[PDB]
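**Q** Before anything else, here's the structure in question.
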Ligand SMILES: *[C@H]1[C@@H](C)[C@H]2[C@@H]([C@H](O)[C@H]3[C@H]4[C@H]([C@H](OC(C)=O)[C@H](OC(C)=O)[C@@]32C)[C@]2(C)[C@H](C[C@@H]3O[C@@H]3[C@@H]2OC(C)=O)C(=O)[C@@H]4O)[C@]2(C)[C@@]1(O)OC(=O)[C@@]2(C)O
Ligand SMILES: Nc1nc2c(ncn2[C@@H]2O[C@H](COP(=O)(O)OP(=O)(O)OP(=O)(O)O)[C@@H](O)[C@H]2O)c(=O)[nH]1
Ligand SMILES: Nc1nc2c(ncn2[C@@H]2O[C@H](COP(=O)(O)OP(=O)(O)O)[C@@H](O)[C@H]2O)c(=O)[nH]1
Ligand SMILES: [Ca+2]
Ligand SMILES: [Mg+2]
Ligand SMILES: [Mg+2]
């Protein structure tokens with residue numbers, strides 16, 4: 001048991017979902033038709049991969065997942081694509097009219113028409129769990145559905161499932177691939193609304209991923225496909241602790257204990273390595289020391305910010321592949337003596353380490369070199385508040401003129417909701433400032 | 001004169017399993033529960049830890065407890081996993097998430113009555129139950145939170161029996177989560193009131209022994225546990241084999257505990273020899289004695305020279321000169337008399353058992369009630385305060401219904417414990 005249900009919301013959530021589940025299948029040896037020859041227990045089981053996959057009597061391994069979008073064309077590609085046999089038709093849910101990059105339409109006008117159906121389908125999955133751990137919710141900040149519907153769903157999930165854990169993978173907007181001027185509005189609105197209902201949220205800065213694809217993989221103009229394959233590797237690293245077993249494989253929930261010192265301070269910074277092309281990986285072994293060192297290069301971060309000018313409240317290292325504790329300990333020792341790693345005075349300075357022996361996997365036709373060992377660092381740093389600061393400033397510029405606000409008001413929202421949301425974000429920035437101040 | 005063993009949580013069940021492997025070997029019991037030894041000295045007091053079952057089998061009087069099935073599944077499939085009574089596996093599914101509150105107040109509260117039913121079944125088959133021994137960590141949630149809950153419940157139902165614990169203290173040096181100082185402080189609060197004897201096993205010390213002395217660059221928890229189970233075998237030798245000194249739990253307590261709250265012992269073991277050519281070297285009684293008193297052989301990271309011994313129990317194992325043992329023990333006291341409080345005359349007691357442990361021709365186990373143990377609690381207190389100052393990570397606990405006041409109270413009592421040690425260190 002300890003099942004995990006994934007919910008993929010809007011285009012970004014769905015398309016990232018595609019990449020994640022394809023990768024999971026390849027990591028576990030699950031075919032596109034759902035068959036898994038190595039699984040000798042037919043129709044069920046309590047293996048580690050069962051946290052993410054249920055099983056049918058016919059031997060099909062089915063993602064514990066729901067895909068939701070307010071228009072049909074993205075999910076329609078799942079329905080007709082390579083892994084269409086993987087999902088039951090009822091797991092893939094679509095409306096006919098999207099939120100038009102408007103939080104109001106995602107949370108209210110359009111979202112309300114489909115929310116009950118979505119919850120019913122999620123309930124169907126939950127009732128098949130013997131020990132449900134919680135939910136993972138994938139969505140953009142900037143889209144109308146990703147922002148508006150997600151926050152509606154999170155509110156309703158808190159009612160129907162209480163304090164059952166809810167984690168987010170949230171796509172933070174970047175101008176290189178953004179599709180709406182109002183994405184700062186949608187971002188602040190959903191962040192405010194979801195804050196009390198989320199236990200932990202992994203922000204993914206599209207610009208950070210964009211830069212990584214350009215610099216480390218020599219991709220001239222990254223597409224969502226490029227971005228999502230990288231993002232999936234990082235999500236896989238984080239969930240691998242749940243999907244594989246091993247003596248040194250520390251569960252994500254245990255990292256969470258360290259990562260969340262106060263309820264609102266639940267936004268870890270993810271850093272991943274190695275991201276390297278096949279051309280450059282050839283005849284190049286990246287050691288434990290090398291990939292570990294790369295975790296403190298801000299260019300490898302999932303969110304653009306500078307931890308060297310902030311304070312740490314936690315540092316977690318999630319290794320996978322050919323890695324043993326001896327080498328990790330040596331690597332960390334070196335880093336302790338050379339890097340800019342200052343902790344707040346109220347938390348221990350020790351790094352928490354987990355190791356999963358299953359090696360990193362890559363999708364065919366991908367950009368990433370297949371490597372023998374990889375690492376994802378999860379740190380709690382005051383620096384991540386930079387991301388809030390940038391968004392909040394963009395919000396302030398437009399809202400001072402009430403630009404585009406009539407679109408939200410026309411859908412029933414009030415200016416009070418905007419100022420309330422913005423005030424919460426101001427308080428959040430203040431929170432990250434306060435935790436960094438020394439104790440009396 | 002039966003003892004009921006309880007092992008709670010991951011650490012508790014893993015050291016617990018190791019303990020039963022070790023003493024089973026000593027008593028000649030194989031994984032099936034059959035005696036295949038060649039000495040009646042092995043069976044003379046085997047009733048203390050084992051029930052005799054049909055087919056002339058020996059079954060540990062052991063109850064295995066956890067809020068998640070993982071570790072106990074591994075115990076079941078372990079070397080001596082088959083020996084345990086299957087009905088004595090009591091486990092939930094939810095886990096405790098390294099949360100004392102979950103173990104003590106919510107998740108554990110749901111499971112504790114089931115455990116007590118098994119305790120009662122075992123106690124009813126005892127001719128004359130002397131008491132209980134618990135193995136657990138203080139840094140987690142189940143062993144710490146639910147373990148101290150169990151202790152409280154057991155005291156309520158058996159208020160005139162002895163409660164003994166092997167308690168693994170957390171250390172940043174060997175740590176799983178940052179909230180370990182919270183869990184430990186909350187637990188010490190319980191142990192000070194509800195145990196008669198507590199063996200303080202410091203993970204910091206276990207690591208330093210493995211690293212410095214035993215030359216292991218990268219010790220696993222399994223290697224830490226070899227030290228613990230060896231030590232546990234030593235300190236319980238007097239209970240398991242015929243002898244005069246500290247032959248039961250109450251007589252040990254009367255000898256070791258001059259004041260009821262000061263019942264936290266530093267255990268020690270010798271020899272601790274790194275692998276190589278010197279591993280085959282013959283050990284003399286003088287060398288054993290010196291090593292057993294050496295701070296580097298202590299299982300609690302405290303400097304004995306920073307305090308005074310209130311009481312000491314020493315137990316030698318193997319074929320050796322009783323005369324030489326007596327002479328060397330007297331030498332220690334007479335050559336270092338200032339470290340033994342003069343207001344407790346003759347406070348060092350020595351036992352000698354013929355049966356040595358596996359893989360050694362002779363060994364010595366040390367049990368000290370030293371005021372230096374205050375350093376251990378001071379460490380936890382400082383780590384506690386660093387976080388509690390800012391109420392860091394407290395939401396994990398308040399979410400289970402706990403209030404800040406309960407933390408304040410636990411901290412104050414542990415600080416009182418420290419000052420009580422300092423009082424007698426200066427007396
Ligand atoms: C860890 C490894 C360090 C453990 C190993 C054996 O079970 C342990 C043997 C033990 C070794 O002691 C040493 C190296 O000086 C060591 O245990 C330690 C260091 O704690 C071993 C290899 C032996 C050789 C013991 C016989 C004799 O008493 C001497 C020594 O133990 C003591 C008291 O120092 C044994 O023969 C032990 O088998 C493992 C398997 C290890 O690899 O992982 C474990 O769980 C372990 C402790 O069992
Ligand atoms: N990384 C990544 N980002 C995406 C992807 N698709 C969209 N985005 C980002 O998501 C934001 C727009 O939100 P969408 O998910 O497309 O919109 P939606 O959730 O479908 O909401 P509506 O279309 O308005 O109903 C922009 O910042 C995009 O850059 C994707 O596949 N991968
Ligand atoms: N010596 C030793 N300590 C352990 C072991 N497992 C966990 N610990 C320690 O115990 C604490 C964690 O408690 P744990 O027993 O895992 O949690 P629980 O299952 O909820 O009781 C930490 O301080 C760990 O360092 C073990 O096998 N051996
Ligand atoms: Ca199966
Ligand atoms: Mg859309
Ligand atoms: Mg544990």
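So basically every Cβ, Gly included, is an ideal-geometry build from the backbone, and we count neighbours across all protein chains shown. Basis: the model, the stated rules and, where named, an outside source; no laboratory instrument gave them.
**Q** Give the residue, chosen from B:97, B:70, B:92, B:131, that is more than 22 Å from the chain's Cα centre (by Cα) and at positive phi.
**A** After ruling out the rest, the residue left standing is B:97.
**Q** In addition: Do we find that residue A:70 is more than 16 Å from ligand 5 (Cβ to nearest atom), touching a residue at least 40 places away in the same chain (Cβ under 8 Å), outside the structural domain of residue A:407 (by CATH) and within 23 Å of the chain's Cα centre (by Cα) in this structure?
**A** no
**Q** Could you list, in sequence order, all residues of the range A:56-89 that are in a loop (DSSP other than H, G, I, E, B) and either within 14 Å of chain B (Cβ to nearest Cβ) or within 16 Å of ligand 4 (Cβ to nearest atom) (or both)?
**A** A:56, A:57, A:58, A:59, A:64
**Q** Would you mind stating whether residue B:205 is within 14 Å of another protein chain (Cβ to nearest Cβ) and part of a helix (DSSP H, G or I)?
**A** Spelling it out, it is not the case that residue B:205 is within 14 Å of another protein chain (Cβ to nearest Cβ) and part of a helix (DSSP H, G or I).
**Q** Now a separate question. Quickly run through the range A:319-332 and pick out the residues that are buried (at least 20 other Cβ atoms within 10 Å of the Cβ) and either within 13 Å of chain B (Cβ to nearest Cβ) or closer than 14 Å to residue A:294 by Cβ (or both).
**A** Residues satisfying the conditions are A:319, A:323, A:328, A:331.
**Q** Let me ask something else. Looking at (1) touching a helix residue (DSSP H, G or I) at 6+ places or on another chain (Cβ under 7 Å); (2) within 14 Å of chain A (Cβ to nearest Cβ); (3) assigned to a helix (DSSP H, G or I), which one does residue B:400 not meet, given that it meets all the others?
**A** (3)
**Q** Are there any pairs with C-beta distances below 7 angstrom linking a residue in the range A:12-25 that is more than 16 Å from residue A:72 (Cα to Cα) and in the same structural domain as residue A:137 (by CATH) to a residue that is within 16 Å of ligand 4 (Cβ to nearest atom) and outside any helix (DSSP H, G or I), with the two at least 6 apart or on different chains, and if so which?
**A** Pairs found: A:21/A:63; A:24/A:52.
Yes or no, residue by residue, for (1) away from chain A (no Cβ under 14 Å); (2) assigned to a helix (DSSP H, G or I); (3) within 20 Å of residue B:170 (Cβ to Cβ):
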residue: B:219; (1), (2), (3): no, no, yes
residue: B:222; (1), (2), (3): no, yes, yes
residue: B:230; (1), (2), (3): yes, yes, no
residue: B:239; (1), (2), (3): yes, yes, no
residue: B:265; (1), (2), (3): yes, no, yes
residue: B:282; (1), (2), (3): yes, no, no
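**Q** May I ask you to verify whether residue A:250 is within 14 Å of chain B (Cβ to nearest Cβ), farther than 28 Å from residue B:182 by Cβ and not in a helix (DSSP H, G or I)?
**A** Here the answer is no, as residue A:250 does not meet what is asked.
**Q** Which pairs do you get when a residue that is assigned to a helix (DSSP H, G or I), found in the range B:4-17, comes within reach of a residue that is within 16 Å of ligand 2 (Cβ to nearest atom), reach meaning Cβ atoms under 9 angstrom, with the pair 6+ apart or on two chains?
**A** Here the result reads none, with nothing in the range B:4-17 linked to a residue that is within 16 Å of ligand 2 (Cβ to nearest atom).
**Q** For the range B:175-202, name all the residues that are in contact with a strand residue (DSSP E or B) (Cβ under 7 Å, 6 or more places away or on another chain) and either within 16 Å of ligand 5 (Cβ to nearest atom) or within 14 Å of another protein chain (Cβ to nearest Cβ) (or both).
**A** The answer is B:184, and nothing else.
**Q** Examine the range B:160-168 for a residue that is closer than 21 Å to residue A:343 by Cα and part of a strand (DSSP E or B), and state whether such a residue exists.
**A** No, the conditions are met nowhere in the range B:160-168.
**Q** Name every residue in the range A:253-279 that is out of contact with any helix residue (DSSP H, G or I) (no Cβ under 9 Å at 6 or more places or on another chain) and more than 10 Å from chain B (Cβ to nearest Cβ), in order of residue number.
**A** A:278, A:279 - these are the residues of the range A:253-279 that are out of contact with any helix residue (DSSP H, G or I) (no Cβ under 9 Å at 6 or more places or on another chain) and more than 10 Å from chain B (Cβ to nearest Cβ).
**Q** What number of residues within the range B:284-304 are out of contact with any helix residue (DSSP H, G or I) (no Cβ under 7 Å at 6 or more places or on another chain) and in a helix (DSSP H, G or I)?
**A** Here the count works out to 4.
**Q** Applying the selection to the range A:48-66, what residues are at negative phi and without any contact (Cβ under 8 Å) to a residue 60 or more places away in the chain?
**A** The answer is A:50, A:53, A:55, A:56, A:57, A:58, A:60, A:61, A:62, A:63.
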